[PDB]
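Worksheet: one structure, shown below.
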Amino acid sequence: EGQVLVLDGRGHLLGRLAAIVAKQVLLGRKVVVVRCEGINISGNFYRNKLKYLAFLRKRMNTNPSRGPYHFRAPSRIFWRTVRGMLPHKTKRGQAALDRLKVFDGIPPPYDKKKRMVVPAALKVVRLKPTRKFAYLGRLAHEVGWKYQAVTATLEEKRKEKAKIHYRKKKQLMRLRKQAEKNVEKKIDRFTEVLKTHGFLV
Amino acid sequence: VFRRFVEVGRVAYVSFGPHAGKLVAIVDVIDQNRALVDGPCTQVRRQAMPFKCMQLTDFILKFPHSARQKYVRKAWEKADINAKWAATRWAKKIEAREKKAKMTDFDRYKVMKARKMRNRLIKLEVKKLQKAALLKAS
Amino acid sequence: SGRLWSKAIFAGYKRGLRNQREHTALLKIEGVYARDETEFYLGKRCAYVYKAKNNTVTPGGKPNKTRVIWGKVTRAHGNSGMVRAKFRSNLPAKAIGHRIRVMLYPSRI
Amino acid sequence: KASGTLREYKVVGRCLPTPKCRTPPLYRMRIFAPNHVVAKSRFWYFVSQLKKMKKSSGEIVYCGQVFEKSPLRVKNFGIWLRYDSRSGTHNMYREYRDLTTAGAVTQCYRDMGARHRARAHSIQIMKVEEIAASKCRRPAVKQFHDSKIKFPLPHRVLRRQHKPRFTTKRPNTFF
Amino acid sequence: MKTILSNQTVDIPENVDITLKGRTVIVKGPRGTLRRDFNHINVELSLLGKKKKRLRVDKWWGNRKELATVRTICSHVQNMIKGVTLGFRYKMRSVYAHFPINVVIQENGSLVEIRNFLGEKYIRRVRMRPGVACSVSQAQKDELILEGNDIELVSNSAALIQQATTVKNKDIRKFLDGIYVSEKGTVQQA
RNA sequence: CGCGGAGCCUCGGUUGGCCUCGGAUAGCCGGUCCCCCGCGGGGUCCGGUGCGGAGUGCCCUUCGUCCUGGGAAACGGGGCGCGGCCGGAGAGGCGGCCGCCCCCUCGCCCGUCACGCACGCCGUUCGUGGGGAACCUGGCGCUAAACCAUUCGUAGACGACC
RNA sequence: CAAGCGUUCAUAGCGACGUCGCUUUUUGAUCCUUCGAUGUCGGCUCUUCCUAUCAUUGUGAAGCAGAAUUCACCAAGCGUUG
RNA sequence: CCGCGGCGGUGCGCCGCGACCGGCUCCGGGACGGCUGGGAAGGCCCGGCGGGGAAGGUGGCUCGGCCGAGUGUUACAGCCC
Ligand SMILES: [Mg+2]
Ligand SMILES: [Mg+2]
Ligand SMILES: [Mg+2]
Ligand SMILES: [Mg+2]
Ligand SMILES: [Mg+2]
């Protein structure tokens with residue numbers, strides 16, 4: 001498709017998603033992954049913690065401030081995984097990463113946009129229901145976030161707000177349906193021509 | 001809790017594969033992914049057919065569990081699936097997809113128009129309902 | 001007054017892994033994800049279109065700033081509804097992950 | 001041997017006649033393979049173990065499909081088997097509940113792959129035989145086996161996870 | 001091998017009224033109300049008996065290791081029913097050679113306060129969980145009574161004080177002192 | 001800030017979509033007669049949808065111009081039309097909602113005529129008052145600090161800093 | 001694996017005759033790199049890593065009563081001197 | 001000079017079209033042979049001969065409004081195999 005993408009990270013699989021993101025970043029499409037705390041990983045909680053802590057020990061001995069940067073926020077963690085699936089030594093790879101953009105929680109502009117979901121990276125689909133897991137949120141915490149608590153309380157504040165809109169939008173649809181029935185004999189030979197070639201049945 | 005109990009005789013619509021978009025009586029279950037399947041009046045031979053390529057309907061019928069064509073010819077024929085299907089909500093939103101793909105550029109120009117004025121005659125009433133909802137609030 | 005030029009991205013030029021072959025480009029047309037799907041896009045003209053700095057002539061027009069390498073879709077490219085297209089000049093790599101504009105006007109309906 | 005989906009390339013063959021013995025015996029094996037050219041080759045592997053018989057000293061008389069007498073009717077295929085494990089070489093009763101002898105072993109060859117990492121070139125079929133209702137031992141099979149037999153297809157994933165490669169709607173899996 | 005079906009009916013008494021929100025069972029009888037979620041185990045919980053007579057847990061396309069769990073859900077439900085009808089009572093009798101283990105409950109249940117286990121100056125404190133009413137008994141000498149509706153909660157809490165009271169760097173063959181569970185039962189027996 | 005006239009250059013694009021939460025061996029919506037809470041929220045009952053039709057397989061809006069002279073539709077839209085009160089802060093940047101002036105009468109059917117009919121041909125159409133860099137009009141505001149030199153040392157190689 | 005010791009008792013602790021491995025802090029083989037020559041032994045100082053845990057934290061063992069002691073686990077956090 | 005008549009060479013620069021042919025890569029159709037003179041199936045029936053699951057059955061038990069639903073057993077056919 002065209003235009004800016006917004007993907008809602010919750011319920012996705014950390015790398016399975018990131019491969020799909022990274023393909024479309026390289027095709028010039030602007031992606032914005034949101035809510036990366038929610039993003040989740042196969043294998044049990046600890047497994048991947050233990051696997052992260054393995055990362056943290058990897059560190060340039062003779063000076064570490066050069067050595068690998070083990071970013072702690074889920075946004076950043078995922079970025080990393082996307083980035084490893086780009087050719088980021090090269091100009092198109094860095095130009096690619098710039099087309100990506102990644103947040104923890106869901107911010108201004110992106111609260112206020114409908115937003116999509118990659119079923120082929122989606123956990124309920126890709127995984128078996130009898131298998132264990134981490135949320136990159138909790139993983140990120142036990143590795144050195146400072147901001148699981150904050151991005152909780154803000155998202156609760158956003159959810160409460162978004163619910164108002166959902167309910168007002170719910171109330172307009174109830175008006176649409178009641179107003180179809182309150183005018184169904186001066187649109188009763190247009191609605192006809194809709195339902196004849198499929199539209200609206 | 002489920003409501004569709006893959007019996008001897010759940011009518012199943014074949015989602016896809018060689019016989020896509022046809023109804024099929026599950027005669028009998030072979031295995032944990034394969035049935036012995038047959039769609040007499042929908043034109044589908046008694047053959048094996050997997051549960052992955054078929055979705056299933058609220059309808060049942062009552063041949064017994066290795067009945068032989070003539071007997072599933074009936075039980076389909078009365079009970080009458082091919083009329084009861086077509087009064088369903090499946091059949092009418094299938095046979096709508098159908099009719100969009102099957103739509104000439106002319107048809108589409110008409111709809112463009114027919115919609116527009118529908119969507120105005122619907123809108124002016126919604127505006128008027130909020131006027132009455134605001135005067136009710138007063 | 002709209003598309004005509006139907007939307008497509010230029011993905012890479014046809015390549016092995018430690019080689020690449022710059023005649024044939026690989027064209028990712030929008031709304032076409034199968035090799036069954038794509039038999040329309042065969043034969044169609046396409047255009048990587050730009051502007052660049054100096055003015056250049058324009059048939060049915062005054063000299064504009066726009067230029068085009070001007071090509072043609074040869075055949076499909078693997079299961080997923082990618083397409084191979086070879087333009088008259090080779091494509092300039094700058095274009096990787098940009099538009100090209102696959103038309104209708106050598107239609108075969 | 002490899003596979004595809006197997007077929008009953010049944011075969012008979014004599015040990016070609018010498019001056020001393022002019023009418024040597026003939027023998028149908030239910031060689032049981034993917035085409036002719038191997039199912040030919042596979043009796044002679046097999047006969048050369050049993051008889052003192054060989055590709056030089058023989059002839060195939062008849063090779064041809066035996067093709068199912070009851071392929072719309074579900075059936076309880078047993079199979080006095082023999083294989084070669086990494087350790088030794090081992091006999092098996094096994095049951096597949098397909099509706100067609102060949103497809104029934106087509107299963108078996110795919111399970112011996114999976115349940116034992118046994119490749120076809122190691123396996124030997126002693127003999128398949130369809131079995132009645134009773135005289136089935138394997139509870140796996142011994143359940144499909146009833147009249148009022150009953151399923152739902154509980155946690156049905158979507159495939160077509162790339163038609164809409166993305167969407168707004170999250171999927172569903174209760175149906 | 002996957003087993004086509006396994007199931008089990010729990011026989012619910014006339015006192016109690018279970019009402020399952022999808023998978024989440026809530027149980028209310030005389031004593032109180034309990035709740036628990038089986039939003040893991042993945043089974044089909046039907047309430048088939050009209051008036052209200054049966055919980056039936058299904059399991060359905062299940063291999064061996066989930067077939068196990070049919071019966072475990074079936075249990076935490078009986079175990080709830082017994083809890084909200086009768087209610088449980090774990091008794092735990094303190095044990096010693098010498099220094100008298102000196103218990104004193106300190107809000108209602110909640111704080112179980114233990115001076116002098118083995119002459120130790122540090123006064124062990126132990127919280128109970130919510131809904132667990134500890135109390136020092138009578139009709140017996142060195143003996144606590146942990147009352148509650150929830151088995152889970154009542155027996156961590158036994159175990160918390162049973163484990164808070166452990167000796168170190170000794171023979172625990174010899175040093176058989178501490179507080180430990182003597183009798184798992186109920187408040188009302190019927 | 002507004003609204004004016006030329007011109008280097010750097011490019012990508014070529015309707016929008018203005019929104020719940022999450023479940024997945026379940027959900028969606030309606031309506032409450034009834035009950036509790038703060039027009040709403042929670043509850044209970046019933047009625048609908050649930051290979052989903054207040055379906056991202058989705059919805060919307062239109063796309064050669066105006067004439068004039070019928071029907072269907074009729075107060076819709078506009079003048080960078082103009083003031084006030086909102087609501088929105090996670091890295092807001094946007095909505096929203098009220099007076100008054102002038103102007104216009106547009107969606108769908110139809111008649112009825114018209115618009116350089118360029119004489120089969122290409123970068124056609126817009127987001128475009130793009131981004132940025134140079135210069136011609138009015139009104140209102142503006143009206144330095146930094147570094148050196150000096151001094152001090154709280155600091156010192158010089159540099160740095162108080 | 002296991003015949004034994006361990007009052008008794010295989011296996012608390014041990015453990016023969018056998019047998020399967022690692023490891024490269026021992027020496028050998030080897031001669032692949034260097035002979036337009038890479039400074040050839042020790043000591044001092046100074047970092048860092050490993051665990052093949054001597055201490056200490058938390059633990060499971062004992063033929064652990066205490067005291068004292070060895071067997072083992074996570075464990076390399078800080079110790080290892082004149 | 002006007003013919004751009006007929007012949008021979010080209011194209012200033014950007015282009016587009018057509019029909020033969022070679023090689024390819026595809027896509028629609030339609031007809032036949034064989035075979036255990038193919039297995040299988042269908043329909044029509046008919047007249048027979050047998051066996052198993054299992055009944056428009058019967059029966060023990062359950063759940064619901066005699067009927068409907070569940071389980072349990074002998075097995076004839078008023079189902080089917
Ligand atoms: Mg342009
Ligand atoms: Mg001691
Ligand atoms: Mg001895
Ligand atoms: Mg040197
Ligand atoms: Mg160790």
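Chain lettering (A, B, ...) mirrors the order of the structure tokens, residue numbering begins at 1 for each chain separately, and ligand numbering begins at 1 in order of display.
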
task: Within 12 Å of residue A:150, counting only C-alpha atoms (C1' of nucleotides), which residues show up once you throw out same-chain ones fewer than 6 positions away? Write them as a PyMOL selection string, please.
output: (chain A and resi 37+104-105+137+141+156-157) or (chain F and resi 90)

Convert the current residue selection to file output with N, CA and C atoms (P, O5', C5', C4', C3', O3' and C1' of nucleotides), as a PDB file, in the first residue's frame.
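Saved to result-v3.pdb:
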ATOM      1  N   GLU A  37       6.552  -2.044  24.150  1.00  0.00           N
ATOM      2  CA  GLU A  37       6.334  -2.818  25.367  1.00  0.00           C
ATOM      3  C   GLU A  37       5.481  -4.056  25.179  1.00  0.00           C
ATOM      4  N   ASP A 104       7.606   3.639  22.579  1.00  0.00           N
ATOM      5  CA  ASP A 104       7.150   2.856  23.755  1.00  0.00           C
ATOM      6  C   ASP A 104       5.969   3.605  24.291  1.00  0.00           C
ATOM      7  N   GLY A 105       4.847   2.895  24.366  1.00  0.00           N
ATOM      8  CA  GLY A 105       3.544   3.521  24.491  1.00  0.00           C
ATOM      9  C   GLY A 105       3.105   3.969  23.117  1.00  0.00           C
ATOM     10  N   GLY A 137       8.183  -5.654  27.302  1.00  0.00           N
ATOM     11  CA  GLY A 137       8.018  -4.749  28.442  1.00  0.00           C
ATOM     12  C   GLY A 137       8.668  -5.200  29.742  1.00  0.00           C
ATOM     13  N   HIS A 141      12.269  -4.201  31.501  1.00  0.00           N
ATOM     14  CA  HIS A 141      12.334  -3.738  32.871  1.00  0.00           C
ATOM     15  C   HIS A 141      13.486  -4.401  33.595  1.00  0.00           C
ATOM     16  N   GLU A 156      -2.818   4.105  30.538  1.00  0.00           N
ATOM     17  CA  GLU A 156      -4.117   4.038  31.215  1.00  0.00           C
ATOM     18  C   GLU A 156      -4.892   5.331  31.031  1.00  0.00           C
ATOM     19  N   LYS A 157      -4.181   6.453  31.081  1.00  0.00           N
ATOM     20  CA  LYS A 157      -4.759   7.785  30.852  1.00  0.00           C
ATOM     21  C   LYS A 157      -5.233   7.984  29.406  1.00  0.00           C
TER      22      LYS A 157
ATOM     23  P     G F  90       1.022  14.657  29.046  1.00  0.00           P
ATOM     24  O5'   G F  90       2.330  14.060  28.364  1.00  0.00           O
ATOM     25  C5'   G F  90       3.634  14.203  28.954  1.00  0.00           C
ATOM     26  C4'   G F  90       4.727  13.824  27.973  1.00  0.00           C
ATOM     27  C3'   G F  90       4.598  14.348  26.546  1.00  0.00           C
ATOM     28  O3'   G F  90       5.826  14.356  25.827  1.00  0.00           O
ATOM     29  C1'   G F  90       4.230  12.016  26.584  1.00  0.00           C
TER      30        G F  90
END

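Considering only C-alpha atoms (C1' of nucleotides) and all ligand atoms, every residue of the polymer chains approaching ligand 2 to 7 Å or closer is listed here: residues 169 and 170 of chain E; 64, 66, 67 and 68 of chain G.
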
Okay, now the selection with C-alpha atoms (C1' of nucleotides), as a PDB file, in the first residue's frame?
ATOM      1  CA  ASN E 169      23.859 -25.492  60.950  1.00  0.00           C
ATOM      2  CA  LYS E 170      22.616 -28.466  63.001  1.00  0.00           C
TER       3      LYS E 170
ATOM      4  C1'   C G  64      26.317 -34.222  61.524  1.00  0.00           C
ATOM      5  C1'   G G  66      27.254 -30.081  70.285  1.00  0.00           C
ATOM      6  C1'   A G  67      31.629 -28.689  69.009  1.00  0.00           C
ATOM      7  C1'   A G  68      34.399 -29.669  65.098  1.00  0.00           C
TER       8        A G  68
END

task: Would you please give, as a ChimeraX atom specification, all residues of stretch 24-200 of chain A that DSSP assigns to alpha helix (DSSP H) based on the backbone?
output: /A:24-25,45-57,74-83,91-99,123-126,136-144,148-181,191-196

- line: Atom pair atom CA of residue B:101 + atom CA of residue A:176, distance 27.3 Å

- prompt: Quick one: which residues from chain F are at most 12 Å off chain E, using only C-alpha atoms (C1' of nucleotides), as JSON, numbers by chain?
  reply: {"F": [23, 24, 25, 26, 27]}

Quick one: write out the picked residues with N, CA, C and O atoms (P, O5', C5', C4', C3', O3' and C1' of nucleotides) as a PDB file, in the first residue's frame?
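again-v3.pdb, written as the output of this step:
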ATOM      1  P     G F  23      -6.076 -10.362  25.849  1.00  0.00           P
ATOM      2  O5'   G F  23      -7.400 -11.087  25.336  1.00  0.00           O
ATOM      3  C5'   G F  23      -8.550 -11.348  26.182  1.00  0.00           C
ATOM      4  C4'   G F  23      -9.445 -12.359  25.511  1.00  0.00           C
ATOM      5  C3'   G F  23      -8.675 -13.466  24.815  1.00  0.00           C
ATOM      6  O3'   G F  23      -8.418 -14.520  25.733  1.00  0.00           O
ATOM      7  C1'   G F  23     -10.225 -12.529  23.292  1.00  0.00           C
ATOM      8  P     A F  24      -7.271 -15.588  25.424  1.00  0.00           P
ATOM      9  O5'   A F  24      -7.854 -16.400  24.189  1.00  0.00           O
ATOM     10  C5'   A F  24      -9.109 -17.102  24.263  1.00  0.00           C
ATOM     11  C4'   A F  24      -9.681 -17.288  22.874  1.00  0.00           C
ATOM     12  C3'   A F  24      -8.929 -18.323  22.040  1.00  0.00           C
ATOM     13  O3'   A F  24      -9.604 -18.874  20.922  1.00  0.00           O
ATOM     14  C1'   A F  24      -8.745 -16.274  20.996  1.00  0.00           C
ATOM     15  P     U F  25      -9.451 -20.410  20.672  1.00  0.00           P
ATOM     16  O5'   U F  25      -9.787 -20.936  22.122  1.00  0.00           O
ATOM     17  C5'   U F  25     -10.888 -20.352  22.815  1.00  0.00           C
ATOM     18  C4'   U F  25     -11.704 -21.499  23.212  1.00  0.00           C
ATOM     19  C3'   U F  25     -11.856 -21.707  24.711  1.00  0.00           C
ATOM     20  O3'   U F  25     -13.137 -21.345  25.232  1.00  0.00           O
ATOM     21  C1'   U F  25     -11.495 -23.732  23.430  1.00  0.00           C
ATOM     22  P     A F  26     -13.366 -20.060  26.184  1.00  0.00           P
ATOM     23  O5'   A F  26     -14.586 -19.347  25.445  1.00  0.00           O
ATOM     24  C5'   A F  26     -14.837 -17.936  25.523  1.00  0.00           C
ATOM     25  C4'   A F  26     -14.066 -17.199  24.452  1.00  0.00           C
ATOM     26  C3'   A F  26     -14.570 -15.797  24.151  1.00  0.00           C
ATOM     27  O3'   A F  26     -14.065 -14.948  25.174  1.00  0.00           O
ATOM     28  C1'   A F  26     -14.264 -16.959  22.124  1.00  0.00           C
ATOM     29  P     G F  27     -14.836 -13.612  25.569  1.00  0.00           P
ATOM     30  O5'   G F  27     -14.326 -12.602  24.449  1.00  0.00           O
ATOM     31  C5'   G F  27     -15.092 -11.449  24.064  1.00  0.00           C
ATOM     32  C4'   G F  27     -14.907 -11.192  22.593  1.00  0.00           C
ATOM     33  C3'   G F  27     -15.878 -10.189  21.996  1.00  0.00           C
ATOM     34  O3'   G F  27     -15.257  -8.918  22.106  1.00  0.00           O
ATOM     35  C1'   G F  27     -15.946 -12.205  20.764  1.00  0.00           C
TER      36        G F  27
END

message: Taking only C-alpha atoms (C1' of nucleotides) and all ligand atoms and a cut-off of 8 Å, can you tell me which residues surround ligand 5, written as a list in words?
response: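 So the residues close to ligand 5 are residues 51, 53 and 75 of chain G.
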